[PDB]
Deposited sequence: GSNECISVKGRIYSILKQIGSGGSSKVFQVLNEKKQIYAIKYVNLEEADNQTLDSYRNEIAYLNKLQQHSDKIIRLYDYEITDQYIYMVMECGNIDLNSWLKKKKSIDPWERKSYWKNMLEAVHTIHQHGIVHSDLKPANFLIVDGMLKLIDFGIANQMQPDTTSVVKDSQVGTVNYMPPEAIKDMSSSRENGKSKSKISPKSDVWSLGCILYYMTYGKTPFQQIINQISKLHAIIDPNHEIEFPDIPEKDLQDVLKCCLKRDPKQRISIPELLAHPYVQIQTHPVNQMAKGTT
């Protein structure tokens, strides 16, 4: 063991363990002076151009703004930003949805509906402040006392290419709309209902990209008991964004509204 510490805004935090890594950043599970648990993202800035800098600034301002508007955006309690570093002290999470999906045996229908609702609310909120994530996937969500929270806003830059909307693959917000996030949410719900994503069993990752965009390539929707849930998935996974369902539509759909 150690007595390793972080000072952020003068307050001391003992480190319990590291949890995130990589891009000039680390996340740490942490104890404050009142022994209360938190998470602290750290970012080293020596190596960061003005664009990566302006993005980090932007994530922080949005995390700030959105807090007020929803309890499904991950809570930021305090931050310290300097020419050399950023420290952010955030509420702490049991596990991320991505790791949770893979270990969870089956999945309670009343639990999935609730996680769906959570996800809808969070994305709806960011949409109402003109953020269109565009790279949604289970990792972007965190379970905190049985409640999904959005952590990332697709705002500040092998990954699973298994939640990726058709229109993202066309250039390769005049091409990407809010409807892009519906697709991705659709895939996350598709995992939670049929145990796997639409093109999980598809071969070379390039070979998936063809099926995503291919309009003659049908996605299967087995008859599950929840008829409403089956419709949600079909409406979310339409290739044309013009015909794909909207988030405000999805919040009025009987799946989320009748129980």
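Numbering from 1, run down the deposited sequence and write out every stretch that has no C-alpha in the structure.
No C-alpha for residues 158 to 171, 187 to 195, 283 to 294.
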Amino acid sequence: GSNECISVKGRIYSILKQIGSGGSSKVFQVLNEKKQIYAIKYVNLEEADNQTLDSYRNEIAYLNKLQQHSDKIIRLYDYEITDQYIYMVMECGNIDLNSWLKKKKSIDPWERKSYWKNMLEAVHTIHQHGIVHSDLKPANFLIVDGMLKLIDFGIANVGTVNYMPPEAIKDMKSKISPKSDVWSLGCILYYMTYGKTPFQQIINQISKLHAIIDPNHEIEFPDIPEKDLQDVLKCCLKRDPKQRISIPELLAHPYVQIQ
From here on, numbers count along this sequence of modelled residues.
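Rigid core: the largest C-alpha set superposing within 1.5 Å between the two forms.
request  = Rigid core fitted first, then name the stretch among 234 to 242 and 11 to 19 whose C-alphas deviate most from the displayed form in 7 other deposited structures of this protein.
outcome  = Of 234 to 242 and 11 to 19, the stretch deviating more in 7 other deposited structures of this protein is 11 to 19.
- [ ] After fitting on the rigid core, pick out whichever of 200 to 208 or 57 to 65 shows the bigger RMS C-alpha deviation in 7 other deposited structures of this protein.
- [x] Looking at 200 to 208 versus 57 to 65 in 7 other deposited structures of this protein, the farther one turns out to be 200 to 208.
- Task: Answer yes if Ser99 is missing coordinates in at least a third of the other compared entries, and no if every one of them models it.
- Result: Other entries vs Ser99: none skip it.
Unmodelled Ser174 in at least one third of other entries with both flanks present
Yes, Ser174 lacks coordinates in at least a third of the other entries compared.
Out of 105 to 113 and 81 to 89, which one has CA B-factors that are higher on average in the deposited record? The stretch with the larger average C-alpha B-factor is 105 to 113.
Review point. Is the mean CA B factor in the deposited entry higher across 32 to 40 or across 55 to 63?
Key: Here the higher of the two C-alpha B-factor means belongs to 32 to 40.
*At the C-alpha atoms, which of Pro248, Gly22, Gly10, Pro241 reaches the highest B-factor in this entry?*
Among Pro248, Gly22, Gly10, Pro241, the PDB entry lists the largest C-alpha B-factor for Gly22.
Inset, instruction - Within this chain's modelled residues, let me know which third the CA B factor of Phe141 belongs to: lowest, middle or highest. - result: Ranked within chain, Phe141 CA B lands in the lowest tercile.
Mind checking which third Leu150 falls in for C-alpha B-factor across the chain?
Lowest third.
- Query: Among the modelled residues of its chain, does the C-alpha B-factor of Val161 lie in the lowest, middle or highest third?
  - Reply: Highest third, going by the recorded CA B-factors of the chain.
TODO: Pull the Cα B-factor of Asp96 out of the PDB entry and bin it into the chain's lowest, middle or highest third.
DONE: As the PDB entry reports it, the C-alpha B-factor of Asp96 lands in the middle third of its chain.
Notebook entry, point to check: Mind checking which third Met172 falls in for C-alpha B-factor across the chain?
Noted result: Its C-alpha B-factor, which the entry lists for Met172, ranks in the highest third among residues of this chain.
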